[PDB]
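Results of the structural survey
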Protein chains: 2
Amino acid sequence: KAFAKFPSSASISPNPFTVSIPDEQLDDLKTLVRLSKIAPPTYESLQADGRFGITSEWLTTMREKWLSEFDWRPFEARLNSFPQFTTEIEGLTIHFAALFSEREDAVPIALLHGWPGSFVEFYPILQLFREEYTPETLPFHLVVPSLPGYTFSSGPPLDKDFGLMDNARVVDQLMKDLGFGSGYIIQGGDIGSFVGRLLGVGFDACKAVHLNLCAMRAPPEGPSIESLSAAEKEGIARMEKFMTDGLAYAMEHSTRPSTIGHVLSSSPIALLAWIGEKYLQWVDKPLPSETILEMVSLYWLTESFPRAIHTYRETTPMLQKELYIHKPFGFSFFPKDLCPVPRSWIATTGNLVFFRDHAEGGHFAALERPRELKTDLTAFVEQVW
Amino acid sequence: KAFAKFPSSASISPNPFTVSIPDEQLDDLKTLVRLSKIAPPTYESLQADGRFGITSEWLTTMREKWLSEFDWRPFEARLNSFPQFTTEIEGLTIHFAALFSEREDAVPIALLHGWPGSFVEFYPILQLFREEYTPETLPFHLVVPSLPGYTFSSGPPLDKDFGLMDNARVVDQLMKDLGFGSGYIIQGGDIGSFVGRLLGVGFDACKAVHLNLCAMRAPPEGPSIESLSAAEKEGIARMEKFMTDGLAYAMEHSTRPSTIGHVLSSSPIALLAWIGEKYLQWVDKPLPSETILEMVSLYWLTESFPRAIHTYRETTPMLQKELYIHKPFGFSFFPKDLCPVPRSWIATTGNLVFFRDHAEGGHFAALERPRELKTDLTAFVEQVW
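Residues numbered from 1 in each chain as written, not as in the entry; some residues may be left out. Chains lettered and ligands numbered in written order. Heavy atoms only, no water.

Structure determination for this entry, per the PDB record, employed X-ray crystallography and reached 1.80 Å resolution.

Some thoughts on the sheet that holds strand 8 (residues 350-357) of chain B
All names here are of chain B. We count it as follows: A strand pair is defined by DSSP finding two or more bridges across the two strands. Secondary structure elements follow DSSP: runs of H or I no shorter than four residues count as helices, runs of E no shorter than two count as strands, and numbering proceeds from the N terminus. Working convention: axes come from line fits to C-alpha atoms, limited for helices to the stretch in contact. Angles between N-to-C directions cover 0 to 180 degrees. Note on contacts: a residue pair qualifies if any of its non-hydrogen atoms lie within 4.5 Å across the two residues.
With mixed pairing, the 8 strands of this open sheet are ordered in space as 1-2-4-3-5-6-7-8. With one partner strand each, in any of the chains shown, strand 1 (84-89) and strand 8 form the two edges of the open sheet. Averaged over neighbouring strand pairs, the angle between their axes works out to 25 degrees when direction is ignored. By the bridge criterion, 6 bridges tie strand 1 to strand 2 (residues 92-99) in an arrangement that is antiparallel. Following the sheet pairing, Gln-84 is matched in strand 2 by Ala-97. Contacting strand 1, strand 2, strand 3 (107-112), strand 4 (140-145) and strand 5 (184-188), helix 5 (residues 164-177) crosses the sheet at an angle of about 115 degrees to strand 1.

Focus: the interface of chain B and chain A
In plain terms, the rule: When two parts are put together, the accessible area they lose, computed with a 1.4 Å probe and summed over both, is reported as buried area. Think of a salt bridge as a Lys or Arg side-chain nitrogen and an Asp or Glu carboxyl oxygen that are within 4 Å of each other.
Listed per partner, the contact involves 58 residues of chain B and 58 residues of chain A. Both sides of the chain B and chain A interface together cover about 4700 Å² of buried area, and 60% of this is carbon and sulfur. Our count for the chain B to chain A interface comes out at 6 salt bridges. Among the ionic pairs, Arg-256 of chain B bridges to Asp-245 of chain A, the shortest N-O distance being 3.0 Å.

Focus on the side chain of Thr-311 of chain A
Residues and elements named next belong to chain A. The condition that has to hold: Three exposure classes are used, based on accessible area relative to the maximum for each residue type with a 1.4 Å probe and protein chains only: buried under 20%, partly exposed in between, and exposed over 50%.
Counting through the fold element by element, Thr-311 comes out in the loop between helix 12 (305-308) and helix 13 (312-315). Classification of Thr-311 as buried rests on a relative accessible area of 2%. With residues near it in sequence (within four places) discarded, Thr-311 still touches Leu-164, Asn-167 and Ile-191.

Digging into the UniProt feature "active site" (unreviewed entry) in chain A
Residue and element names in this part refer to chain A. Cut-off, in case you're wondering: UniProt positions are given in the numbering used here, feature names are shortened, and annotations may be inferred rather than shown by experiment. Here a polar contact is taken to be a pair of N or O atoms separated by no more than 3.5 Å, where protein atoms must pair a possible hydrogen donor with a possible acceptor and residues adjacent in sequence count only if both atoms sit in side chains.
UniProt's entry tags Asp-190, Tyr-312 and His-363 with the feature "active site" (unreviewed entry), counted in the numbering of this structure. Position of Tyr-312 relative to the elements: it lies in helix 13. Of the residues examined, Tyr-312 reaches a relative accessible area of 4% and is grouped as buried. Among residues more than four places away in sequence, those in contact with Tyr-312 are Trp-115, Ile-191, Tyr-249, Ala-250, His-253, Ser-254 and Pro-317. Locating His-363 in the fold gives a position in the loop between strand 8 (350-357) and helix 15 (365-368). If near-sequence neighbours (up to four positions away) are discounted, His-363 is found in contact with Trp-115, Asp-190, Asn-212, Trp-282, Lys-336, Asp-337, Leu-338 and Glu-368. Side chain to side chain, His-363 and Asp-190 meet in a polar contact 3.2 Å long.

Description of the side chain of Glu-294 of chain A
Residues and elements named next belong to chain A. Filter applied, for reference: Only four residue types enter the charge count: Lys and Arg as positive, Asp and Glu as negative, with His and the chain ends excluded.
Checked against the element boundaries, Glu-294 lands in helix 11 (residues 289-301). One buried charged residue, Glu-294, forms no salt bridge at all, with the nearest opposite charge on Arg-78 at 4.4 Å. With near-sequence residues (within four places) excluded, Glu-294 lies in contact with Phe-70, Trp-72, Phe-75 and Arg-78.

Observations regarding the relation of the copies chain B and chain A
Basically, it comes down to this: To overlay the copies, their C-alpha atoms are matched by a least-squares fit.
Taken as rigid bodies, chain B and chain A are interconverted by a rotation of 179 degrees and an axial shift of 0.0 Å, the fit giving an RMSD of 0.0 Å. Considering both components of the superposition, the chain copies are consistent with a two-fold axis. Looking at the interface residues of chain B, 98% of them are also at the interface in chain A, so both copies use one shared face.

Written as structure tokens, this is what we have:
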């Protein structure tokens, strides 16, 4: 119950949430993993560098671990180690984890995840704050919502389209319900960075934004590639490779969400192969295999995939004009992220007053480099709030 | 045994082939279809027009038919109704169906399938020839090979890359082995049209080529879009939509063949959803549901998918120069095919001496309009041989 008390200005009632997956669901997951088949070996699946996707060796090993080493209960207990709640917004059940401070002057911050992530991606950071502060000394209110369509949050709606602006509207309303209408800051990566930009652009309660992803093309009337250094050019090269050789998954999410939704819902191995590839290719240092199995099992048990990809038709079909962030804007650069563009480019998309360049780390910053992201966010808030 | 005798000039021995899937394999297929799960309904899967891919209604209905109405034996008997053989080429087992004439002057023709097709796509055409001729009067030798990686043909190799040129080399060698080194003609659609073009371009034994697909962009120094009619422009519009909204599947096949190969090998429902979408969207008039189930079951039982997509990295990463077809070139235009470009454009890619424009029909011409494709091919051969 420590860090679980709602701010005095919150207008909603606390509805504590606990993850409790029935044994039957875990048994059926195991059964389906066991019955699932693996593709026959091919030239492509035998390439150790995995330039064609996951290897047969990796998938075979993971399937075996999922059946003999994997245990959901310990992970579930970990999920339940932090305060969690649910509240209804526009008919949707919105789940969120949080660490609330008892300090009246604490700065409200919403940490937004992306795909194939979830609220759990921020647990390592919440853990650091919990180890370093007490409810009476915590400088911030940390809210980690599950975006519509992800894990324990329901939706999106079945009778109407839902996009990035709708996601932004839900996040802003949640913060207002928790009593942060006078102001809050947003931290976002992946899809959360798209939502975060929209919040910084059109929602007044959002006072500042810190992102670790700025997907963009060469600026209009700004710095050209020829004005960039060797290191910055290597980054642009990596971005071009991602946009040409690494975006197929996104194009399928965007153009045929119904088909891929059904494909990945049919077998847990299908889901593991598709999402696992990203947990393997988007990081700097390899993640523990059990971490990947936990994340995939979480998506499977909550039927997240088919509901979460609705935003791809908008992120994967301006930044200097209509979507320019006029409010204090901060950025944390990790070299192995998907689109490592230079500071000069990011600076054209908003009032960039804070920039931190890191030597290591990939796409899942909160998971890979929690100390660095936490440290960066703290410095940003202290500077602009 | 009618139409099964090899030409007198064949250098290889006939190895009759028969399809015989063990009951156990059929039982496991049924079991996996039953245990497979379907995605929860979403806004996207409830769209009747299916602009986002297959609908929940369709997949649910097909799964039910697969379990209660589908019977493999009758289809298998149909597969075995025509002469089939296997032969080894470069270490690969190459399967092929055929109707051999007893006439010494019969024109050798190889009919090449594509993805998600197979040799069976040409059975309706072989059926028409068998009903209209006897071995003594058949004017052509009709060879329908299974390209490397498809159904009963093995490969591609596990220790080296394999591409379109390799496929062309195998087809040319097969025809030579059957004794057609003095000359043969090729008919091709989909991937078969890419292989067919390469055969017309660099293999001397190939005397002429007839295609029903000519994937291309606006010609270099040739006819512009402004020089096209209203009908032709509508065709170009359909091609642009396919290239922008309908190519995601190909981009995944091209960039991450290992991942998607494993994804679709995990469950028969995953395979049905992915391939079924194409059998639904690429045709003019809807195909019988049982036909789709038969084709998908064939791919499943032969583990075709992961092995067949190797060519996408080359078809989905010139036509006026290096790949220009100097030999007699013919084309059959079906309005609902994937890339319906105008005759003026196709004419820039080869010595086009034959063109047939049809009012109806889609991508699977051999399946959809067998009478038309057969007659077009016959007219072409008579004109250029």
